[PDB]
Structure formats: C-alpha cells, structure tokens
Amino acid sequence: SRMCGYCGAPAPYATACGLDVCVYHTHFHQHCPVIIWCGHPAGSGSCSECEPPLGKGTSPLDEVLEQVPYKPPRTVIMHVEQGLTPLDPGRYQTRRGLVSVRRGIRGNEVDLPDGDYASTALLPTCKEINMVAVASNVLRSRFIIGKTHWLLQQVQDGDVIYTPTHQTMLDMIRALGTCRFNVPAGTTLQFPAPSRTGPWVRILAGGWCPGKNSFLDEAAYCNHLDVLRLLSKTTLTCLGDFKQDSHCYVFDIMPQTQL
C-alpha cells in the first residue's frame, strides 16, 4: 500500500524519478514526467485526460529538484519467463503500469505473465522519500554545534552513523575504532577490516537501515535528497560544521545544541 511522498495519501502512480504520488500530486511535479491513469504523461495533451496543465510544486522537495536535472533512461525490453527477468531489481513503468522487480533465490522475480515488455526504469532520485515524515522527524532531530570525544560518549552498539563520502567514512571508522561497516564497492581508498561488534557506519547514498539512534556525520556537506530520504524514516543527530547551492534546507528548521 504505497503512500504519496508529498501528502501521505494513497499513491497509485509514481514519478519517473521514483517518488510515489496521489491523484492530486500527479500534476504538481515539474521535475520529471508522471504517467497517469490514461497511460500518458500528465499535461502532455496526448488525450483528453492529460490535457489539463501542470501546476508549480510547493514542497521544498520541488526546490531541491530544481538543482537535479532529470536524465531520462532508455527504453529496455523486460524479458519475463517463469516469473523471472534478466533486468536488475527496481521499479519499472510498463504498458501494464508500474511493476516491481525483486531479488530472490531463483533470481530477479517479477509478477508478470511470460513475455517481453517495453519498460522504463524509475530512477532512485526520490526513492522512499516521505515529506510528511520529514516534517515530523526534523522537529524532533538535533544539529550538534575535533569534538569526536563527544560522539564516543554518546554512541552505542545499536546506533548507525551515516556519512557522505568514502573518505569521511574512512575517517569515522578510525575515530570510532571498533565498528561495523561494509566497504564500498569500487573504492580507491584502503579501508581496514570491519569488526564483529560496535556501531554501524554506512555510506549515506546506501539509504536508511534500521538502528537505535542515527547520526549524520558532516551533515552540511551531505546530498540533499539523501538527507530527506534519511529523515523520511528516522530522527537524526547531525554533526560537523553548520555551514562550510548550499546545505540542505532542513537545517534551518532543525533544533540546535552547543557543546
């Protein structure tokens, strides 16, 4: 049961960039195309139903997306046999509507009859963003105004520490000492071996993973969409300089603490 990334209402449709949207919000997403009930992009004028003009979006997500130009992927054919496809896991727009492809024991599982289907993969740009949750969680978050001794006192084994780059991830691992992590695939840096115990250290672009308390290292330098993705699922304790395009808009609303 998918919910609208803007307002939280039931979302039968999705943007090309991966945001779920309700009937209303199909027409307020200027960033990229939204295929609607008639099968055409909203406001395209391909038929009577998609003739009405688009509106300008009023979510700060829409402001963030002004700096992220939509790059449309090429149409690829999804071969399906015995409920399996060669195409990677993800969400795809087809003539049967939206279709999910999930990794399983046998391979990439997809709930479609045997055949070949023209498909357009949705981008991960706005994957799992929920602005209703962001508005709630940001007010119960905290930006903490090196002072790594503070982090060691507060951090626990069940916590998760998100971090922007491979370099910042490496430096966080050295500062913590004993900690769990997965070494990023295709990295030029020399990471140490992950311990059996300790707090998890995860690369920000990997998205949200369940944890007790969550931290955002160098929050001012972090990708805006990834931050929103994180605040869609949990409150954060943000770290580093407040400022150093600019930092994400959420940090103007977020409560602060010194020391």
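The first residue of the sequence shown is number 1, and the count goes up from there.
In the deposited entry, the stretch joining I145 to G146 is interrupted by 4 to 9 residues of the deposited sequence lacking coordinates. As the entry records it, the average C-alpha temperature factor is higher for 245 to 253, out of 245 to 253 and 16 to 24.
Higher mean CA B-factor, judged across 187 to 195 and 208 to 216 from the recorded values: 187 to 195. Of the residues listed, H79, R91, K127, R174, the entry assigns the biggest Cα temperature factor to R174. When the C-alpha B factors of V134, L123, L98, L151 are read from the deposited coordinates, the top value falls at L151. In the PDB entry, a CA B factor belonging to the lowest third of its chain's modelled residues is recorded for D116.
In the deposited entry, the Cα temperature factor of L259 sits in the top third of values across the chain's modelled residues. Among the modelled residues of its chain, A11 has a C-alpha B-factor that falls in the lowest third, as given in the PDB entry.
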